[PDB]
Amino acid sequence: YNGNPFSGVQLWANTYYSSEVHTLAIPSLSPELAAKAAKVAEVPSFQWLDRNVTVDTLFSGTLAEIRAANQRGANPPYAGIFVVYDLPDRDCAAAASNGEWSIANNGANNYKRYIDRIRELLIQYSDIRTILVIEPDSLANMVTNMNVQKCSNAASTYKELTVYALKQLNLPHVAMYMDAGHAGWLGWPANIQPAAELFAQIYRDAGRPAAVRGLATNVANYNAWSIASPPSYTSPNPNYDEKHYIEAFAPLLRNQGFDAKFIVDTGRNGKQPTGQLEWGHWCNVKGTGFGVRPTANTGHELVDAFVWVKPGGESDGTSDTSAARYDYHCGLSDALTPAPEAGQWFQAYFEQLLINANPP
């Protein structure tokens, strides 16, 4: 590429998500739901580099698989889709997705090497167009959650490491989208202006890297792209869906030198309204379905693609109240319970997403 990194490529559906579905879901399902689950195992969702171990195992593995498929003559050729998700003091406003590294224990250096090695593999696989979402939740937390001790303490590290990632992974075959929360997070009129300055400043301090295409929204969340009727839980936010958020956000970013395109996560937003009782409820939300299949055909000037970033069926957090990573949000009445550790397969949730899929 070129313009839109989603143009002229197919998105790779990774083997690890398909294996989960076949190994852990299908055996427990009816014949009809096993069929539907087989179709979903083939829908491309982003592969998360959530642990350092993934870099020289699952990440390099997937890159090799993609090269093999393209060498065999894939047409359009396959592009890889990955999430960089291992900041030290990760998930700073919550408990459920705390990561392996901490700032206190050499986390920043650990992250720099993690990034360095990712860069090496991208160089090694420069033949594979690679699309990255950078660090879901991180910068959105910087906008709204500076009152939270873990966030404010991590703030300077987050900003240094984000710039570092954007500079290091800035390669011609790569497109990056910085995570930018969602309409119910950064779309609030009181949050949208500080968000615009923070993103524009990170972008400029990173030297306006060519590989930075724009922002991802709705990652691991559930908002409508475009809905006529604002869900009750969205009131009084005028930016009640991702379309409203992105259209309000883009000119503010543009005014500060960051002319962003967007991708929107549609993997868990097929059923509207969702089962959320309040908008801020993010964990394993009840009454959700698989949404619009990933496509570059968005019909909207600012959106490069609808994508599945959060892999449906992988938990957002454990509901085990005695667990170290227990977060009360995962124990609420609109959260599906019992639920396993974040990232772990969550059969009952997977089932819900299948049943509620929309389109079917």
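Note that residue numbering begins at 1 and tracks the sequence as displayed.
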item	value
Mean C-alpha temperature factor, higher of 311-319 and 30-38	30-38
Given 280-288 and 171-179, the range whose Cα B-factors average higher in the PDB entry	280-288
From 209, 187, 230, 251, residue of greatest CA B-factor	230
Top Cα B factor in the deposited entry, candidates 147, 256, 75, 221	75
Among modelled residues of the same chain, the CA temperature factor third for residue 238	highest
Residue 298, C-alpha B-factor rank within chain (lowest, middle or highest third)	highest
Ranked C-alpha temperature factor of residue 270 among modelled chain residues, by third	highest
Ranked C-alpha temperature factor of residue 57 among modelled chain residues, by third	highest
For residue 104, the third of its chain into which the C-alpha B factor falls	highest
